[PDB]
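Okay, here we've got a single chain as structure tokens, the form deposited in one PDB entry, with questions on binding and movement later.
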């Protein structure tokens, strides 16, 4: 049967945010109660829910009468986008044994035995718990990757899916890939609360927050092909995305990191001159088994509109024409290629920052595009000359300029157009904005 049909027909709850109101769009009309300090922030396709650590920051879904999806051995799947800040070393030491729920159907401290399910966090662990009407429990505990640049609980939007087959296992997926599993046979009936609560419960860190988007429940255990289609269905191409998965924005400082060389930063030789890569320093902590290349070193770039004639949007759309600037010594310097400027073998055109030679045309019309690698939050940049001919995608080339050391130098080249299906490509860039959810230790 057709996967899109299966996904639609089996949906019994689906939270959407429209006109700054959270509601259920499944067709079953569960009631959604938004408490005063539940916040809305940018999400994977619109806005998302943002929860901070106080009693007022919660969203409660009161299930419609008609939806009993998970009682009496019925199979079910819960999915949602999740964004959790990178936990500091200090906070892993202080709070790393504190398990706190963020989404739950279990009623605690009341008459109920507490049956239902929960999503919880504990340090760098993501935990799925089921509890039946007799109080018996099953859990999945997923331990995140140690390299926080590539980890799932380290400030990027990631897509969670938990399937529950009452005759076999619960299975945790992240970004469509199976990450954890537990047998759940032997559990009895689940008698959960009429409410599903999105709230930090029993979190000891006052400064903790999370973001949750597209919360959804299905009345079957989705299979891997279904989960892959569901995951990719959300990756809308309208707007480009920054490193964290949020919409890319105009007039906002970003550090650039090449996807194909992710432990490199970008540096400027001098005003009017070229840019090149350097090695990023790393933070390591063996005791905690975390490490990562440090962020926020290197040049700050700003994307400006090329010549707006319609509506001003703060977000950058794929296909927008832009001017790219470097913010350096309290000014903004255009990035472009001068006519007849230095190039490698006449084809790999060396970019220049703040070039200003009198009488020399400087080509600076760019287009911000997403031509490849749908699952990765990366961007390509295309440069045009004054006759709107392509001078290439922005990438790097190894070589030397004058007597300088050998460097990986930023260029524009049309070579990349013949290689867009490659797994890794040197024209793919991460745009990384400074963010409270990632501070280097």
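Numbering follows the first chain given and starts at 1. Shifts are known only where both forms have a C-alpha. Here, rigid core means the biggest group of C-alpha atoms that superpose within 1.5 Å across both forms.
The following text describes the form deposited in another entry, which does not appear among the structures shown.
Peer 1: Picking from 357, 72, 145, 89, which residue has its CA shift by 2 Å or more between this form and the one not shown, once the rigid core of the two forms is superposed?
Peer 2: Once the cores are aligned, the residue moving by 2 Å or more is 72.
Peer 1: Have a look at residue 100 and residue 72: in the other entry, are their Cα atoms closer together or farther apart than in this form, given the change is 3 Å or more?
Peer 2: Result: closer.
Peer 1: How does the C-alpha distance between residue 72 and residue 117 change in the other entry compared with the present structure, closer or farther, given a change of 3 angstroms or more?
Peer 2: Relative to the displayed form, residue 72 and residue 117 draw closer in the other entry - a change of at least 3 Å between their C-alphas.
Peer 1: With the core superposed, could you pull out the runs of three or more residues whose CA atoms all shift by at least 2 Å between this form and the one not shown?
Peer 2: Shifted segments: 68-72, 111-113.
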